[PDB]
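Commentary on secondary and tertiary structure
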Amino acid sequence: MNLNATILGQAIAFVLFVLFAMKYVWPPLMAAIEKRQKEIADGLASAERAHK
Amino acid sequence: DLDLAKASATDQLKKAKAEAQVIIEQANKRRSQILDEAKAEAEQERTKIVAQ
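Notes on the structure follow.

Conventions we followed
- Residues numbered from 1 in each chain as written, not as in the entry; some residues may be left out.
- Chains lettered and ligands numbered in written order.
- Part of a larger assembly, values for the part shown.
- Heavy atoms only, no water.
- Helix = DSSP H or I, 4+ residues; strand = E, 2+ residues; numbered from the N terminus.
- Rg over C-alpha atoms; globule rule 2.2 N^0.38 Å.
- Buried < 20%, exposed > 50% of the residue type's maximum accessible area, 1.4 Å probe, protein only.
- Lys, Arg positive; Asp, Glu negative; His and termini not counted.
- Charge placed at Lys NZ, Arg CZ, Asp CG, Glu CD.
- Patch = residues over 30% accessible without salt bridge, like charges linked within 9 Å, V, L, I, M, F, W, Y side chains within 5 Å.
- Areas by Shrake-Rupley, 256 points an atom, 1.4 Å probe, with all protein chains shown as cover.
- Salt bridge = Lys/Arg side-chain N within 4 Å of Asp/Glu carboxyl O.
- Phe/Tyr/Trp six-rings, centres within 6.5 Å; stacked < 30°, edge-to-face > 60°.
- Axes fitted to C-alpha atoms, helices over the stretch in contact; angles between N-to-C directions.
- Contact = heavy atoms within 4.5 Å.
- Nonpolar A, V, L, I, M, F, W, Y, C, P; charged D, E, K, R; others polar.

1. A few points about the overall build of chain B
Counting secondary structure elements, chain B contains one helix and zero strands. Relative to its length of 52 residues, chain B is extended, with a C-alpha radius of gyration of 23 Å against a globular reference of 10 Å. Seen through its C-alpha atoms, chain B measures out along the principal axes to roughly 75 × 5 × 5 Å. Counting over 52 residues, chain B shows a buried share of 2%. Once the 10 positive and 10 negative side-chain charges of chain B are each reduced to a mean point, those two points are 4 Å apart.

Here you go:
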């Protein structure tokens, strides 16, 4: 339809949501999974030595 | 399970130890038994020769 300065404003609206995510959402959520995965892996290590 | 198996591994070692000792004990007993039967027989045969 019509180009509008809205195209510029949406660039402002966009970037911030990237940074707030990058800092305050993604790493904290990756840790939540990976720590549980580590616990299950060391569980397997214990299972190994348990019979060894 | 790994804690329980560590607790199990001491018992098998301990029983191998004690039974090794009872076995060597009985074998030493038998040596001290046969070496005595040997004396009891040897002296009788000595006396039999001198009586010959």
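That covers the picture; the talk isn't over yet.
2. Quick word on a nonpolar patch on the surface
All names here are of chain A. Together, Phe 14, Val 15, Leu 16, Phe 17, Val 18, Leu 19, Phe 20, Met 22, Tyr 24, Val 25 and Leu 29 make up an exposed nonpolar region whose accessible area comes to about 1,100 Å². Among the elements that make up the nonpolar patch, the one with the highest residue count is helix α1 (residues 6-24) (nine residues). Tracing the chain through its elements places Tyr 24 in helix α1. In this structure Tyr 24 comes out as exposed when scored by relative accessible area, which is 55%.

3. Describing the packing of aromatic side chains
Here the distance between the centres and the angle between the planes together describe a pair of aromatic rings. All names here are of chain A. For the coordinates displayed, the defined rule picks out one aromatic pair over all chains. The interplanar angle of 40° and the centroid separation of 6.2 Å between the aromatic rings of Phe 20 and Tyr 24 together place this pair among those described as tilted. Taken as a pair, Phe 20 and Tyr 24 lie in helix α1 at a separation of four residues, close to a single helical turn. Note on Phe 20: relative accessible area 49%, which makes it partly exposed.

4. Brief notes about the pattern of salt bridges
Residues and elements named next belong to chain B. Inspection of the entire model under this criterion finds three salt bridges over all chains. Linking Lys 48 and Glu 45 is a salt bridge whose minimum nitrogen-to-oxygen distance equals 3.8 Å. Residue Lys 48 and its partner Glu 45 are both found in helix α1 (residues 2-51); the two are separated by three residues, about one turn of the helix. Residue classification places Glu 45 among the partly exposed residues on the basis of a relative accessible area of 29%.

5. What about the packing of α1 of chain A against helix α2 (residues 26-51) of chain A?
Residue and element names in this part refer to chain A. The geometry of α1 relative to α2 is characterised by a closest axis approach of 4 Å and an angle of 35° between their N-to-C directions. Contacts between α1 and α2 involve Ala 21, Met 22, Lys 23 and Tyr 24 from the first element and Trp 26, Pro 27 and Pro 28 from the second. The residue makeup of the contact of α1 with α2, split by class, is six nonpolar, no polar and one charged.

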